[PDB]
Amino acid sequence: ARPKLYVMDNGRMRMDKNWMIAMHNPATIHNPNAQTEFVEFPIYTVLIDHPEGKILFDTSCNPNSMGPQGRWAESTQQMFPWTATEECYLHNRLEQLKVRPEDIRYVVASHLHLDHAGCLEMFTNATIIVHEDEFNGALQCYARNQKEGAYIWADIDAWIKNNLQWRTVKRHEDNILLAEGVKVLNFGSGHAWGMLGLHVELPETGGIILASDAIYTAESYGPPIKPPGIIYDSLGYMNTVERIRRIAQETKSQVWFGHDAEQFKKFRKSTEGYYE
């Protein structure tokens, strides 16, 4: 198999750096009212154009997220603002590659946060691969009518109305061979209820791990590890980063972080080419 892997730029988000790096600048007797900063980072998605069928990793934010008529609650829009030109929307990035939503055989949802699961509703011809614990947690947010936080009610509403086809990865489930040189990694609980990664083996480029929010940035990754400011499972988070470090060492793979502005700058994006 001679796949082509594309990095698609789906715009920029800002938030409190304390979300990204917990207690990054603690108050002191000399700086008792210490200030945070509002840091900018990329949202992106990965397309694997594979002869056995097209695989998409993450789906970015819904085009209807922001604004007075937006799906995102006003508090969410103010703490986690997303900025994107029309060329950044996932449907346009895919159209520029001559890829219609119906051509996607698999969507791997790293997790179901607003900045990863925003366009799942497009992929009505795919199998949506998601962690069972992540799916359960998001569906409880929906059933409880939660309007704030990182699980977007109107996104989930659209997944159910559009009759998406789900394959849940079970809590103790091995790492799933999707296609030649493409493996779903079950990271389990950490950043969210259930995290999935991807291990891709390309003939030219060699190994790539897509970590998504298992590892926000190179600063998260250290060593030593700098965890995020809120976390579902701190122990699982720390175990997941060290497991990724060991897999990268043993397989000589690059690690692609979820939201690293400096790493993302260096990628070849879908407007310039691809990785074989």
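Sequential numbering from 1, following the sequence displayed.
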State which stretch shows the higher mean Cα B factor in the entry: 133-141 or 93-101.
93-101
Quick one: higher average CA temperature factor, 189-197 or 74-82?
74-82
Which one of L112, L177, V108, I156 shows the biggest C-alpha B-factor in the PDB entry?
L177
Sorting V169, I128, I152, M122 by Cα temperature factor from the record, which one lands on top?
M122
Within this chain's modelled residues, let me know which third the CA B factor of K183 belongs to: lowest, middle or highest.
middle
Third of chain Cα B-factors occupied by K54:
middle
Lowest, middle or highest third: which one holds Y232 when the chain's residues are ordered by CA B-factor from the entry?
middle
By the recorded C-alpha temperature factor, relative to the other modelled residues in its chain, which third is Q254 in?
middle
Entry-reported Cα temperature factor of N10, expressed as the chain third it lands in:
lowest
